[PDB]
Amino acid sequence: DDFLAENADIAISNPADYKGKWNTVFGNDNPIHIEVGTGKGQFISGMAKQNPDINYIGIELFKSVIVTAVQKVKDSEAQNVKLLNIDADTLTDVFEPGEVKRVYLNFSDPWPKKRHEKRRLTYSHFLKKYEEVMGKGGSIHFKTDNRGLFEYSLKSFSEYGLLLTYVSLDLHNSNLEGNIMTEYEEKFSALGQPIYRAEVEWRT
């Protein structure tokens, strides 16, 4: 509610208004990379610090957790990060085709039961939404430790016709140049459970 209003510079209260004008909000034409399901915001803050020449937008359905995320963006003074308290279905209300250059998905809600397939952020509907905002010059960068979700996601990507250009089935034992760990990633890393990673892009 009212700590968001106070930090309305980082947390945009009316994101529909900047559809086709996100460059003005950032004051440059640096590529815009979004994250769907930011959570506490460790990943978006690290990536912001690491890549000053990319503009980051985090979207999170819960205000309770997006609050922790604005604090992390306020704490590291990264000026290249904004946060939206919106649902993934409103993405098309907020972005014109080609305005987004890349979509990050990090440890998304698995919804493992068949009947809840359409809640999964890798389901074809959400894939179409990412296409609408990237056109076909986009990519999706996905990591999770959930075996069921990754295996579902691989099938989903394949079914939609996306091209798999990167896949790790044990990310921590793969050569990552500057992979920023998410909150979830740091917990599961200790476990020895493998972290799954895919890059998919639209076929030219």
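Residues carry their position along the shown sequence, with the first being 1.
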- Message: Per the record, averaged over C-alpha atoms, which has the higher B-factor: 174-182 or 52-60?
- Response: 174-182
- Return whichever of 141-149 and 36-44 has the greater mean Cα B factor according to the PDB record. 36-44
- Query: Highest CA temperature factor in the entry: which of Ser124, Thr92, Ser108, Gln79?
  - Reply: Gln79
- Looking at the entry's B-factor column for C-alpha atoms only, identify whether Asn30 ranks in the lowest, middle or highest third of its chain. middle
- Lowest, middle or highest third of the chain for the C-alpha temperature factor of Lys74? highest
- Message: Using only modelled residues of the chain, where does the Cα B factor of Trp22 rank: lowest third, middle third or highest third?
- Response: middle
